[PDB]
Amino acid sequence: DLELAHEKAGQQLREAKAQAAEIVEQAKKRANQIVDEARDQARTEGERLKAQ
Amino acid sequence: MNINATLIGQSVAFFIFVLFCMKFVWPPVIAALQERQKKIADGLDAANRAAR
């Protein structure tokens, strides 16, 4: 049971590192969304301002 | 009853026997019991190591 528990723990230990890294993967997609919509917002403010 | 040197022969055999059994009868059995003690103790500690 000591070796079997070490294997059970070894799987749960590593799977949580992969799952936790996926939160950072969602954060990188969110960072890209913030920057891409900021570029579109900046383009929108640029074309809105020059019209005046 | 009658008093004889019979006690000498039995006492001499006993002194030699007491010195012999301490080296060839007790050590093999006490070691075989200490091994099981150690195996039960470390076997129970193995479950505590797995639980930690």
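Can you give me the Kirkwood hydrodynamic radius for the protein assembly as shown, using every pair of distinct Cα atoms, in Å to one decimal?
Details: mean 1/r = 0.0438 Å⁻¹.
One over the average 1/r among Cα pairs gives 22.8 Å for the protein assembly as shown.
Based on DSSP H runs of at least 4 residues, each adding -39500 (n - 2.57), what is the mean residue ellipticity at 222 nm of chain A after dividing by all its residues, to the nearest 500 deg cm²/dmol?
Working: 1 runs with 50 residues, N = 52.
Value at 222 nm, helices only: -36000 deg cm²/dmol.
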Seminar exercise, completed: Taking only C-alpha positions in chain B, Rg and Dmax in angstrom work out to 22.1, 73
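Applying 1/(1 + (r/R0)^6) with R0 = 41 Å to the Cβ-Cβ distance of A:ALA27 and B:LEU44, what FRET efficiency is obtained, to the nearest 0.05? Mind dumping the intermediate values first?
Working: r = 46 Å, r/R0 = 1.12.
In this case the efficiency is close to 0.35.
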Exercise. What is the pair-distance distribution P(r) of chain A, computed from all Cα-Cα distances in 10 Å bins starting at 0, with each bin given as a whole percent?
Worked result: 21, 22, 18, 15, 11, 8, 4, 1
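Any read-out appearing in this document is the output of simple, stated calculations on the displayed coordinates, not a laboratory observation. Methodologically, a virtual Cβ is constructed for each residue, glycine included, from the backbone with ideal geometry; neighbour enumeration extends over all protein chains shown.
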